[PDB]
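Input: a single structure, listed below in structure tokens.
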Amino acid sequence: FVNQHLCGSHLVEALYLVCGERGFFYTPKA
Amino acid sequence: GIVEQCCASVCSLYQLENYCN
Ligand code: NA
């Protein structure tokens with residue numbers, strides 16, 4: 001489900017599910 | 001950056017996983 005164009009809330013939701021308990025950083029600005 | 005690699009182009013598990021802590 002990750003090999004697609006993931007934008008906005010869709011991308012943060014993928015990070016939330018793949019990363020789990022680990023957490024992640026979302027830096028759009030870059 | 002992530003938007004460029006996963007929004008503007010197709011993402012991968014490798015890329016997402018680089019943003020996990
Ligand atoms: Na890409």
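Ordering of the structure tokens sets the chain letters (A, B, ...); residue numbers start at 1 within each chain; ligands are numbered from 1 in the order shown.
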
**Contact residues around range 6-18 of chain B with only C-alpha atoms at 6 Å, ignoring same-chain residues under 4 positions, as a count of residues only** = 7

task = Output the contact residues of chain A with respect to chain B at a cut-off of 8 Å, based on only C-alpha atoms, as an MDAnalysis selection string.
result = chainID A and resid 2:8 11 14:15 18:19 22:30
